[PDB]
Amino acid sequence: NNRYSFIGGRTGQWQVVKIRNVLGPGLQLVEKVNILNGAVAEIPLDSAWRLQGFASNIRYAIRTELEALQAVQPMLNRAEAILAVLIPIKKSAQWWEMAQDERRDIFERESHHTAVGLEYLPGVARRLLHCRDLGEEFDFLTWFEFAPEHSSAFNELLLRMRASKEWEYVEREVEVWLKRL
């Protein structure tokens, strides 16, 4: 199954440390996030919100970037990666109506997304889910997990991304910080 669901409420494998409502309407603070590999139609009881998305193909990265990533990126579920952060993102209509070279140019040529992210590996593990195509309120669910040593660096990464040309098109962002139970 390529589909993943995230349920904020009173049960789950993760503990909510905090939520930062960076841009746009936020998400309700909850005790725990429950993550599931499937669609969930039946909104669980005592649960405040459901996010979902699917794993998909590569949209921007070229072969050499891929090769560079594969050489250093960590797997998910390292025993040390006890912190995680879920970050929903929505981009503007003006971004989606742009052609594929335009978007590529802003993503790497101008914003150096891949080159910048590479500096935070192998400390940081990541997964990218897509959800615009499902009619969700957000366009993406981004997932990061790392050992505590790296929390500082990760915060530094967030502030860099948010200073890029790419982030000018971002109209909605929440940080959900988590601790593995």
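Start at 1 with the first residue shown and count on from there.
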Review point. Looking only at CA atoms, which has the higher mean B factor in the entry: 54-62 or 36-44?
Key: 36-44
Study note, to complete from the structure: As the entry reports it, the stretch among 135-143 and 66-74 with higher mean C-alpha B factor is 66-74
Review point. Ranked by Cα temperature factor within the chain, is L129 in the lowest third, the middle third or the highest third?
Key: lowest
Check your understanding: Among the modelled residues of its chain, does the C-alpha B-factor of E102 lie in the lowest, middle or highest third?
Key -> lowest
Exercise for review: Taking the chain's C-alpha temperature factors as the reference, tell me which third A163 falls into: lowest, middle or highest.
Suggested key: middle
Point to revise | Among modelled residues of the same chain, the CA temperature factor third for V17 | key: highest
